[PDB]
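>
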Amino acid sequence: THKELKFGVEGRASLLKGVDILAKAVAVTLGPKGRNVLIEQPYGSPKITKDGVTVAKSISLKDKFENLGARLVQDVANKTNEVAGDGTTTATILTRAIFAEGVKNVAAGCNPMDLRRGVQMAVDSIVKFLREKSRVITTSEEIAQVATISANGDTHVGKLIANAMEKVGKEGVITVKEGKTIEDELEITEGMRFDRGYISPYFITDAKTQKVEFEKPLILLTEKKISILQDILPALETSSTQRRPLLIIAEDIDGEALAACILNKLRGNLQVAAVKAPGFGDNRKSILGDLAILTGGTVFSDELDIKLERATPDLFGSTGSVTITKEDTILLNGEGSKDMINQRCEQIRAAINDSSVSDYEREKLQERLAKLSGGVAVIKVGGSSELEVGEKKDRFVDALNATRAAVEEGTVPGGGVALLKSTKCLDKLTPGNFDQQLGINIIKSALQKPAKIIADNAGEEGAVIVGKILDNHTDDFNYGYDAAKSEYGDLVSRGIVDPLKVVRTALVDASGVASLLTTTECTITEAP
Amino acid sequence: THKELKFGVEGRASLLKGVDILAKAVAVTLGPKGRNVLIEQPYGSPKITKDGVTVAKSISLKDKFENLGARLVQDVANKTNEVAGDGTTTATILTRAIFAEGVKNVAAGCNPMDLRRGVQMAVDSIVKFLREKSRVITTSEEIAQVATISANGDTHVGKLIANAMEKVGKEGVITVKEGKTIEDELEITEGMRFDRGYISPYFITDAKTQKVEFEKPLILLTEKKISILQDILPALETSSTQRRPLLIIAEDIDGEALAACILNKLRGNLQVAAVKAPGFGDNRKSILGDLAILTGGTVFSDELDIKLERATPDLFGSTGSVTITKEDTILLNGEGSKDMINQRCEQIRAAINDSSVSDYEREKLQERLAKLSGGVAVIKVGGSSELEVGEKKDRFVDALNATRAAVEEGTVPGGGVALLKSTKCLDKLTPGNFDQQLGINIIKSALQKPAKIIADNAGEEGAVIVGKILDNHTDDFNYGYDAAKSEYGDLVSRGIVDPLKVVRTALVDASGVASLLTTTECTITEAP
Amino acid sequence: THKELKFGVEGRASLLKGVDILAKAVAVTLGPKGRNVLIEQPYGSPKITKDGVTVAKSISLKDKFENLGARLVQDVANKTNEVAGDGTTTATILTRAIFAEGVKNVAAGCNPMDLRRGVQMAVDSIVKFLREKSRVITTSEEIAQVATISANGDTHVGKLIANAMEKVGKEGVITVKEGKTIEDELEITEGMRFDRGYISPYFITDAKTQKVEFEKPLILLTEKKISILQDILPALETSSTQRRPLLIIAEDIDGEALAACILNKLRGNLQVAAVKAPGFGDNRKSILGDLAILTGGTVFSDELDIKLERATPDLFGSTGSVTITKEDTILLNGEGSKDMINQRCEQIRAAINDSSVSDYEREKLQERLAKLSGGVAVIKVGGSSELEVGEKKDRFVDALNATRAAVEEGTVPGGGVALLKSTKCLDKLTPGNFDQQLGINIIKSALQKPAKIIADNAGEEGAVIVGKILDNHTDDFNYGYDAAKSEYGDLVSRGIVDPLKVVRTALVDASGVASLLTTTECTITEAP
Amino acid sequence: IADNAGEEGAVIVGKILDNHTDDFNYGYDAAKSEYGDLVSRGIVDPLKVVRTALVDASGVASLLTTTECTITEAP
């Protein structure tokens, strides 16, 4: 292969061009008055979108270095959106602002390392201020209000959410499924979640949300590395005879085994899924034992010298449903009897009593006790028509993910005014150098862009609105611009709030990626 | 085929362009404040690297002569990195400096041979000075301190290392493997190492480190040249029945035999590896006998008139694990009984007593006695999560390879100040010719680049820092620039030291390759 | 006006191109076997020349910077040729060699100032060695032999020269004029010379040698600044009536006065010439008084309050002839009576006795006493035909100018071997830096070019001849290559010698101009 | 050979061919950059190789000089 290399100013200029294109495309969709984006499909009607992540995921540049910069920012924005729930547009905008200002300051003849130090210090100060000014929500009424606000004023969704997380706790497992009727149902079942997803993206059966759903499947739990198909053939044949989908929870599924599973799934022979066993060490074996007890099946271990060709449908596990995502998987309504789940709980608490490790072993036993005993809250979405059920299900899922983030860290006024108000604390920092002060000024200037862009999307001039907010009413942290009504006032009173988690994650990730892009001195691509 | 030829100045100019591009790309990553390099993958997120060897391994030029020069320097840098552990960036920088200065001096009308002689004399003087000023470490406390410094201040890693090499000695075998628990384990087992690696790169199962690892495999030891598959079929079938990986230690595996092994390994039929028998002559037979005793199997020899189709799993060797690299392979936890290993040790010492050859036979018997009797220290890396275990394992491996080099020759102040201080001894050489003095001056000027580049990466001006170091404080060999803290002072007191082995190897290899490039008078490539 | 500027390497490259072209054109005419140069006239037959100065004076380049370098070297070569008599080709060759080598060494990364210092030291050492090894000629037989050698073996010319300079001394005035007969005449007359030439080049009447000759002219001596023509009209009219040429020796002839004189001279109205009065201060007045006494006229001074309109032919000076060159003018056969010239000599010696200034006034009075009393030797060239007389006159003039230079400093072996042998003393210098040593090596390499070029013009290989001369016969300063006979041997025995003055002047001027060209950092010309 | 050593081959050859005319074994030691008897220093080559090289080079050069027409294939 042959490569092309760019050094110094020209490479950073190409990266800045790519980030500029990406941020310009994504920024038009920020705010209540965000504009529309037309995305053309190879075959079919054009797509009209107001969603920032959808616009970001569909951008690819012809030039290699600009595409490299855009890809880096896209990866960081996707990661922060996955971690926090939202914040792609804000992270992209902040990345563009910080990167452009740092490029300008470096061209002016400044030291990039001191710029990085000043940016880090300013970001730490902003995060501390925001954490100090956050509003924590604890009781059920505040949770209900937050969920209602996150549901675009829907009282039913807010009431339903505040109850599921009353039943299972703030840290419990709540999931949303389609209902059989018109009214909405909330039921506590037996189930549990792991932080291991599906092995291959091709296993996705619901391409809308990139997840896999199976109703009443057969579960194969094995403490083995599977790569030859001869061991899988009896299990697959037994599954084909029963006409039921199969899920295999193993140490790892690699080699020709995964490929056989994929082609089988892609065709109509049998639909199958594969996940890795949770935990590592003896914890993995203990969790597989607990899960085999819960699912009603038996685990297969070489230490017991039992072979996979000995598999019979009696030892196969069964459950009400399984749902697999990229990160987490959740089993629902296991077929295990209550009494043995209880006794296993008794052994878990006995081991908690006996265990000597104060922190590690005790906390792991406590966590698996909670996983086995807590249960799962399921919200069955009811409606008249199918499309109504689907759209309400999506709305309920979105309103659920936001309440969790707000319950974790709190809420701060929305509209981009939290960062704008936090910019007023940066004039108290004491850098050791002239360039660190330049970096602090870079962060201070960059943290005003989201409000300017939100005002611009409304049709106004963002600079004048920001100046009006930043000039008078200096004793009101909650005072800002309501772009929906084109008014000024207390944004929290109007219900314009956003979680502290998403804004903190967006700020940190944008700052880090912008500093990394500024520090870059050489870029290598492939010759076309 | 049709070729293109370049003679004299133009060919050297193209080679210099290639070396210039390579060195410019690699130099930005040198020092604590090294910059970032963005490397674009054909599919996937861009890679951000601060590692010099990673950047060097991913550079290919479109022009043939520049690519030829870059390839030559890349090969030399890879060889010195493999031999010493590190030093790719320093070797590349020194190569570029010496080659450019030699090209300039040759263009000025000088004799390249006398330049080569002067460069050799200067390099010898520098090496002698550095060896004189090195600090040797012998006792366990200094080994622990060196390992702690090499582990970025990690006291646990330094304590663990200093003990393994206490148990097995400085020259013993120490290896690092994944653990089953949280705490770190050090265990002395039975095992041994040879200087023969795998036959074909395709045998690599761990592409991260380009090595092959097997747990409890079957070992086939034969004193034969194998090229027909009929002899391998019984062994391969017996391995397939037992579902265990196979390692064949033969005189050579060539012809269709290797190809069959490769395709079998690439597919899921069976995973296999092949290595050549260590030693040559009767030493090879004796080592194969010792290894067959250790592994619990039997060696197959035509002198005994036993055929490979007679192979039965009883004569196959078994061991706890095997690890194969490019150069060395190591067998761990052999299944041989202790008593026969002991008796074999007794025959080895008896042969030591009987052998008449004072140097050759006695030293070879002593070396194989040490190999069979010493054992292997294994460091099992414990952790909570899998990723933590992997990253700590990599850190432990890196901290291990550096302590060995320091135990071999010593340590000299880091930051590039060792070579900079050694430049002050070149003003005492007495060349016989004018051009030899020019070569000595070439080396003297070139040996200042690493410190200049380290200071430049910190954001300062390398020339001014080097001048400050080389002007005052002339009675302090350990005085230099701490780029991490942007301070001046004793670098050894701050823990900024590097092994003498790596700097000596980098200097020697860079000098040799630069002299070879300067001497080159014609270059032949292929017409596009 | 608009200018073009070149800085550093490119300007020096253009200057080197110009000097290279000039030196390449001039070098082919050096030595007994010098080649021919064809110079094309706008109208007329082409000119065939073997003369270096003629070739040098006819070179102009189209490119401005190359022409600038060529012009600088041309000016220096013309100046050294005028000062010493010859040495244009050698000076040009040495300039080219030193400049090219200095450019190469500067490109190699050396300090030009230390190069200049080393070149100066080497040149001083060479000059000292050459002065030590020179052969002084004092008696009449050696003068006759030197003049015979300088006359291409002509014994009559050598005998005639050695006698004129016997009569007037080595420092006397000897001039060559056309004769009336066949045999050659030598006559001592009254006359004297000044170091002031004609005001305007247009006054030249003999364009062959760029001089002015008048037979029996009228002399106007005035101690005044003349710029108005009303004062000149009576003198010019009196000259026109007598049909005699006019020479005006004034303090200065500027303004419209010179222009009137020029146009009058260019047309047939009257032929006139103008020179400035010799000396400055009261010395000028005393010399004008002595000259007015000698020429038979009277000086006109404002201190005597006598006006130029009062001029009458009685006060006008008359003499046998006048000859005016660029630098010197000579009056011959003055009309003053002997007795008053004698009394004036008596006042001069009386003033010598009375004067108190030991050095200044005494030496000036002595010099003007010698000028007034010594007389002038005139060599009247006799022949059969006019062309024979002219060519013999030119040969006699050339043989005269060379004997003087040899009588001044001595003679050294010719053929370029003096500098070649002097190169062997440069290996004893002790520079304080290596760059000064590089400059010494530059001079040592450059001082071999004249012998190489002389051998090349003979058809041989100059490098091999120089190596043969510089390898064996190391105890013979006079041993070299006779290119005329293509032999080896003692060059002084064969009559191949050159004056020390010309070689010293050529070396010094070439070294100085080459150092000045090397030091140049910016060049400014006019945009075409 | 002298040029590869960094010297000027013409001058070295002239020095060898000018003086020391009664020594068939006298020449330039390029390894030590010296002059002297090459056989004493062990710098010798077989007569067979030099004779074969001379004869073959002379023959092929004469054949190339005599050649009057050359035919190749059109690309």
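Chains as they are written, first to last, in my numbering: chain A, 1 to 528; chain B, 1001 to 1528; chain C, 2001 to 2528; chain D, 3001 to 3075.
Virtual Cβ for every residue (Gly too), placed ideally from N, Cα, C.
Here's the rule: buried if 16 or more other CB atoms are within 10 angstroms of the residue's CB, otherwise exposed. What is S3062 (chain D)?
Residue mapping note: residue 3062 (chain D) aligns to position 62 of the fourth sequence, counting from 1. Exposed is the call here.
> Going by the beta-carbon positions, is the gap between residue 2534 (chain C) and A2122 (chain C) smaller than 9 Å?
With chain C represented from 2001 up to 2528, any question about residue 2534 (chain C) goes unanswered, as that position is not in the structure.
> From what residue to what residue does the alpha helix (DSSP H) around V2055 (chain C) run?
Residue 2055 (chain C) sits at position 55 when you count from the first residue of the third sequence. Per DSSP, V2055 (chain C) belongs to the alpha helix (DSSP H) from 2052-2056.
> Using the C-alpha atoms, what's the distance from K1167 (chain B) back to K1159 (chain B)?
For this step, residue 1159 (chain B) is matched to residue 159 along the second sequence. For this step, residue 1167 (chain B) is matched to residue 167 along the second sequence. Each residue's Cα considered, the two are about 13 Å apart.
> Can you find a C-beta in chain B that's less than 9 Å from the C-beta of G3006 (chain D)?
As a position in the fourth sequence, residue 3006 (chain D) is number 6, starting the count at 1. By this cut-off, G3006 (chain D) is an interface position.
> Assign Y360 (chain A) to one of three DSSP states: helix, strand, or coil.
Here the question's residue 360 (chain A) lines up with position 360 in the first sequence. Helix, per DSSP.
> Within the 9 Å Cβ cut-off, does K2468 (chain C) reach chain D?
Taking the third sequence and counting its residues from 1, the one referred to as residue 2468 (chain C) is at position 468. So yes, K2468 (chain C) belongs to the interface.
> Taking all protein chains shown into account, decide if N353 (chain A) is buried (16 or more other Cβ within 10 angstroms of its Cβ) or exposed.
Locating residue 353 (chain A) in the first sequence gives position 353, counting from the first residue. Burial call: exposed.
> Quick one: does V1055 (chain B) have its CB under 9 Å from some CB of chain A?
Here residue 1055 (chain B) corresponds to residue number 55 of the second sequence, with the count starting at 1. At least one chain A Cβ lies under 9 Å of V1055 (chain B).
> Scan the segment 3008-3060 of chain D and note each continuous beta strand (DSSP E) run of 3 residues or more that stays entirely inside, going in chain order.
Complete beta strand (DSSP E) runs here, min 3: 3026-3029, 3034-3037.
> For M1192 (chain B), does the count of other Cβ atoms within 10 angstroms reach 16, so buried, or fall short, so exposed?
Counting from one through the second sequence, the residue named residue 1192 (chain B) turns up at place 192. It counts as buried.
> Counting only runs that start and end within the segment 222-269 of chain A, where is the beta strand (DSSP E) found for 3 or more residues in a row?
Runs of the beta strand (DSSP E) inside the segment 222-269 of chain A: 246-250.
> Please list the partners that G2044 (chain C) has in chain B, where partner means a Cβ-to-Cβ separation under 9 Å.
Position 44 of the third sequence, counted from the first residue, corresponds to residue 2044 (chain C). Within chain B, no residue comes near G2044 (chain C); the closest Cβ sits about 45 Å away, beyond 9 Å.
> Between the Cα of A510 (chain A) and the Cα atoms of A:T403, A:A458, A:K449, A:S493, which residue gives the shortest distance?
Looking up residue 510 (chain A) in the first sequence gives position 510. That would be A:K449, whose Cα lies nearest to the Cα of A510 (chain A).
> At the level of alpha carbons, what is the spacing between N264 (chain A) and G317 (chain A)?
Position 264 of the first sequence, counting from 1, holds the residue named residue 264 (chain A). Position 317 of the first sequence, counting from 1, holds the residue named residue 317 (chain A). Taking the straight line joining both Cα atoms gives about 21 Å.
> Thinking C-beta only, is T1518 (chain B) closer than 9 Å to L1072 (chain B)?
Sequence index remark: in the second sequence, residue 1072 (chain B) carries index 72 (1-based). Sequence index remark: in the second sequence, residue 1518 (chain B) carries index 518 (1-based). No, they are not a contact pair.
> First and last residue of the alpha helix (DSSP H) that includes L1438 (chain B)?
Reading the second sequence from its first residue, position 438 is the one you call residue 1438 (chain B). Taken as a continuous stretch (DSSP letters only), the alpha helix (DSSP H) holding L1438 (chain B) covers 1434-1446.
> Is it buried or exposed for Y2481 (chain C), if we count other Cβ within 10 angstroms and need 16 for buried?
Start at 1 with the first residue of the third sequence, and residue 2481 (chain C) comes out as number 481. Label assigned to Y2481 (chain C): buried.
> Could you please give me the residues that DSSP links to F214 (chain A) through a beta bridge?
As a working mapping, residue 214 (chain A) is identified with position 214 in the first sequence. According to DSSP, which records beta bridges pairwise, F214 (chain A) is partnered with A:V322.
> Closest Cβ-Cβ distance between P1431 (chain B) and chain D: below 9 Å?
In the second sequence, residue 1431 (chain B) corresponds to position 431, counting from 1. No, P1431 (chain B) does not count as interfacial toward chain D.
> Relative to the alpha-carbon of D63 (chain A), which residue among A:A370, A:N269, A:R362, A:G11 has its alpha-carbon at the smallest distance?
What you label residue 63 (chain A) is simply residue 63 of the first sequence in a count that begins at 1. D63 (chain A) has its Cα closest to that of A:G11, out of A:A370, A:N269, A:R362, A:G11.
> In chain order, what residues of the segment 1353-1383 of chain B put their CB closer than 8 Å to some CB of chain C?
The residues in question: there are none.
> For a contact defined as C-beta to C-beta under 7 Å, what are the partners of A3061 (chain D) on chain C?
Taking the fourth sequence and counting its residues from 1, one reaches residue 3061 (chain D) at position 61. None at all; the shortest Cβ gap to chain C is about 24 Å.
> Given this structure, state the Cα-to-Cα distance separating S384 (chain A) from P313 (chain A), to the nearest angstrom.
By one-based count along the first sequence, residue 384 (chain A) stands at place 384. By one-based count along the first sequence, residue 313 (chain A) stands at place 313. So the alpha carbons of these two residues sit roughly 39 Å apart.
> For the segment 248-261 of chain A, which residues have a beta carbon sitting closer than 8 Å to at least one beta carbon of chain B?
Result list: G255, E256, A257.
> So with CB distances below 9 Å, who are the chain D contacts of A2463 (chain C)?
The sequence position of residue 2463 (chain C) within the third sequence is 463, counting from 1. Correct list: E3008, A3010, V3011, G3014.
> Against chain D, which members of the segment 1087-1117 of chain B pass a CB distance test of less than 8 Å?
If the cut-off is 8 Å between Cβ atoms, the segment 1087-1117 of chain B has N1111, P1112, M1113, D1114 near chain D.
> For the putative contact between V1389 (chain B) and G1179 (chain B), defined by C-beta atoms under 8 Å, what is the C-beta separation to the nearest angstrom?
By one-based count along the second sequence, residue 1389 (chain B) stands at place 389. By one-based count along the second sequence, residue 1179 (chain B) stands at place 179. So it is a contact: roughly 7 Å between Cβ atoms.
> For a contact defined as C-beta to C-beta under 8 Å, what are the partners of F2434 (chain C) on chain B?
Counting from one through the third sequence, the residue named residue 2434 (chain C) turns up at place 434. In chain order: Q1437, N1441.
> Closer than 6 Å by C-beta to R344 (chain A): which residues in its own chain qualify, once you throw out the five before and the five after it? Chain order, please.
Stepping through the first sequence from its first residue, residue 344 (chain A) is reached at position 344. Excluding residues within five positions, the ones whose Cβ falls inside 6 Å are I293.
> Mind checking which residues open and close the beta strand (DSSP E) that includes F280 (chain A)?
Within the first sequence, the letter at position 280 stands for residue 280 (chain A). Per DSSP, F280 (chain A) belongs to no beta strand (DSSP E) and is neither H nor E.
> Would you call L1419 (chain B) buried or exposed, if buried means 16 or more other Cβ atoms sit within 10 Å of its Cβ?
Here residue 1419 (chain B) refers to the residue found at position 419 of the second sequence. Classification of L1419 (chain B): buried, given that the 10 Å Cβ count is 16 or more.
> Which stretch, first to last residue, makes up the beta strand (DSSP E) that contains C1522 (chain B)?
For this step, residue 1522 (chain B) is matched to residue 522 along the second sequence. Start and end: 1522-1526.
> Counting only beta-carbon atoms, is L1038 (chain B) nearer than 9 Å to chain A?
For the purposes of this step, residue 1038 (chain B) is taken as the residue at position 38 of the second sequence. Yes, its Cβ sits closer than 9 Å to a Cβ of chain A.
> Quick check: the Cα distance between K380 (chain A) and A250 (chain A), rounded to an integer number of angstroms?
In the first sequence, the residue the question calls residue 380 (chain A) occupies position 380. In the first sequence, the residue the question calls residue 250 (chain A) occupies position 250. Each residue's alpha carbon lies about 31 Å from the other.
> Alpha carbon to alpha carbon, how far is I1306 (chain B) from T1089 (chain B)?
Taking the first residue of the second sequence as 1, we reach residue 1306 (chain B) at position 306. Taking the first residue of the second sequence as 1, we reach residue 1089 (chain B) at position 89. Cα-Cα distance, rounded: 53 Å.
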